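All remarks here apply to the structure that follows.
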Amino acid sequence: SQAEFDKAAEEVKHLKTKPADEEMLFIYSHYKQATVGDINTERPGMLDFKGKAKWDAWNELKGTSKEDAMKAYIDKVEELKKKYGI
Ligand SMILES: CCCCCCCCCCCCCCCC(=O)SCCNC(=O)CCNC(=O)[C@@H](O)C(C)(C)COP(=O)(O)OP(=O)(O)OC[C@H]1O[C@@H](n2cnc3c(N)ncnc32)[C@H](O)[C@@H]1OP(=O)(O)O
């Protein structure tokens, strides 16, 4: 793992706003892969925007490598910074 990623996790959660879905979706899938990996949970079903989008976005990366997902995750947090603050 690469702690800077977790640090990014704190930092992103500090964003004075909850970013737009796409940006959220990226952080979510990247964080979910970066930490969990092979999605093995269920499909929310009930909700779409917050249930399938964020599950789908992660299923779409089901077999990735932590560290990479971290770089992109963190780099996304950096991108967010510009738009939302951090
Ligand atoms: C529309 C579809 C995509 C977005 C769906 C919503 C969830 C997206 C998670 C990705 C990160 C979102 C960051 C938004 C928050 C900010 O950027 S700063 C926000 C100021 N806003 C508010 O106070 C209102 C919104 N706040 C929140 O959502 C936070 O209070 C939050 C709940 C994130 C605090 O986290 P915590 O209480 O510690 O844990 P959970 O409540 O379990 O976290 C919520 C979901 O996010 C996943 N998660 C946890 N930590 C991270 C990091 N670092 N990156 C990405 N995702 C993270 C949790 O797993 C949970 O999702 P899930 O398990 O999929 O249901």
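Note on naming: chains are A, B, ... as they come in the structure tokens, residues start from 1 per chain, ligands start from 1 in the order shown.
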Neighbourhood of ligand 1 at 6 Å, counting only C-alpha atoms and all ligand atoms, reported as a count of residues only: 19
Surrounding residues of residue A:71 excluding itself and chain neighbours under 4 positions, 8 Å, only C-alpha atoms, as a ChimeraX atom specification: /A:5,67,75
Close residues, residue A:32 itself excluded, 12 Å, only C-alpha atoms, min 2 positions apart in chain, as a VMD selection string: chain A and resid 5 to 6 9 24 to 30 34 to 41 54 to 67 69 to 70 73
Output file for the residues above (C-alpha atoms, as an mmCIF file, in the first residue's frame):
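result.cif was written with the following content:
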```cif
data_model
loop_
_atom_site.group_PDB
_atom_site.id
_atom_site.type_symbol
_atom_site.label_atom_id
_atom_site.label_comp_id
_atom_site.auth_asym_id
_atom_site.auth_seq_id
_atom_site.Cartn_x
_atom_site.Cartn_y
_atom_site.Cartn_z
ATOM 1 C CA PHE A 5 -3.217 7.311 -0.618
ATOM 2 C CA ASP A 6 -4.855 7.203 2.840
ATOM 3 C CA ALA A 9 -8.493 9.661 1.547
ATOM 4 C CA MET A 24 -16.866 11.073 -7.071
ATOM 5 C CA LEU A 25 -17.178 7.846 -9.208
ATOM 6 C CA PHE A 26 -13.447 8.068 -10.045
ATOM 7 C CA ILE A 27 -12.414 8.556 -6.370
ATOM 8 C CA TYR A 28 -14.869 5.796 -5.302
ATOM 9 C CA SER A 29 -13.786 3.126 -7.860
ATOM 10 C CA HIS A 30 -10.093 4.069 -7.420
ATOM 11 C CA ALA A 34 -6.919 0.745 -4.244
ATOM 12 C CA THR A 35 -8.112 -0.791 -0.930
ATOM 13 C CA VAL A 36 -10.699 -3.590 -1.494
ATOM 14 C CA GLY A 37 -9.937 -4.914 -5.082
ATOM 15 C CA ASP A 38 -12.076 -7.621 -6.718
ATOM 16 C CA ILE A 39 -15.553 -6.221 -6.082
ATOM 17 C CA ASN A 40 -17.453 -9.127 -4.382
ATOM 18 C CA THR A 41 -20.417 -7.236 -2.898
ATOM 19 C CA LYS A 54 -20.444 3.546 -7.668
ATOM 20 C CA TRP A 55 -20.678 -0.316 -7.863
ATOM 21 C CA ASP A 56 -20.495 -0.448 -11.609
ATOM 22 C CA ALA A 57 -17.605 2.087 -11.654
ATOM 23 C CA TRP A 58 -15.776 -0.377 -9.295
ATOM 24 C CA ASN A 59 -16.881 -3.656 -11.055
ATOM 25 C CA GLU A 60 -15.392 -1.940 -14.170
ATOM 26 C CA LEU A 61 -11.966 -2.092 -12.411
ATOM 27 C CA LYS A 62 -12.592 -5.375 -10.555
ATOM 28 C CA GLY A 63 -9.036 -6.733 -11.041
ATOM 29 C CA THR A 64 -6.671 -3.795 -10.438
ATOM 30 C CA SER A 65 -3.477 -3.283 -8.399
ATOM 31 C CA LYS A 66 -3.752 -1.256 -5.196
ATOM 32 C CA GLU A 67 -0.743 1.014 -5.711
ATOM 33 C CA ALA A 69 -5.328 2.754 -8.171
ATOM 34 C CA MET A 70 -3.613 4.809 -5.391
ATOM 35 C CA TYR A 73 -6.827 8.075 -6.765
#
```
Counting only C-alpha atoms, the option among A:2, A:10, A:48, A:80 closest to residue A:68: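 Checking each of A:2, A:10, A:48, A:80 against residue A:68, counting only C-alpha atoms, the winner is A:2.
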Alpha helix (DSSP H) call set, DSSP backbone run, stretch 32-63 of chain A, as an NGL selection string: :A and (32-35 or 53-59)
Residues from the last selection, N, CA and C atoms, saved as a CSV table (one decimal), in the first residue's frame:
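Saved file selection10.csv follows:
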```
chain,number,residue,atom,x,y,z
A,32,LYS,N,-11.9,2.2,-3.8
A,32,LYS,CA,-12.4,0.8,-3.7
A,32,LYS,C,-11.5,-0.3,-4.3
A,33,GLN,N,-10.9,0.0,-5.4
A,33,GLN,CA,-9.9,-0.9,-6.0
A,33,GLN,C,-8.7,-0.8,-5.1
A,34,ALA,N,-8.1,0.4,-5.1
A,34,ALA,CA,-6.9,0.7,-4.2
A,34,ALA,C,-6.9,0.1,-2.9
A,35,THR,N,-8.0,-0.2,-2.3
A,35,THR,CA,-8.1,-0.8,-0.9
A,35,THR,C,-8.8,-2.1,-0.9
A,53,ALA,N,-24.1,3.2,-10.0
A,53,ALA,CA,-22.9,4.0,-10.5
A,53,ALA,C,-21.6,3.7,-9.8
A,54,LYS,N,-21.7,3.8,-8.5
A,54,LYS,CA,-20.4,3.5,-7.7
A,54,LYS,C,-20.1,2.0,-7.5
A,55,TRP,N,-21.0,1.2,-8.0
A,55,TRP,CA,-20.7,-0.3,-7.9
A,55,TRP,C,-20.1,-0.8,-9.2
A,56,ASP,N,-20.7,-0.2,-10.2
A,56,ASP,CA,-20.5,-0.4,-11.6
A,56,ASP,C,-19.1,0.1,-11.8
A,57,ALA,N,-18.9,1.4,-11.6
A,57,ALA,CA,-17.6,2.1,-11.7
A,57,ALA,C,-16.4,1.3,-11.0
A,58,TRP,N,-16.8,0.5,-10.0
A,58,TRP,CA,-15.8,-0.4,-9.3
A,58,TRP,C,-15.7,-1.8,-10.0
A,59,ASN,N,-16.8,-2.3,-10.4
A,59,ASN,CA,-16.9,-3.7,-11.1
A,59,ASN,C,-16.0,-3.5,-12.3
```
Interatomic distance, atom CA of residue A:11 to atom CA of residue A:43 (Å, one decimal): 28.0 Å
Point-to-point distance from atom CA of residue A:46 to atom CA of residue A:22, Å rounded to tenths: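 Going from atom CA of residue A:46 over to atom CA of residue A:22 covers 19.7 Å.
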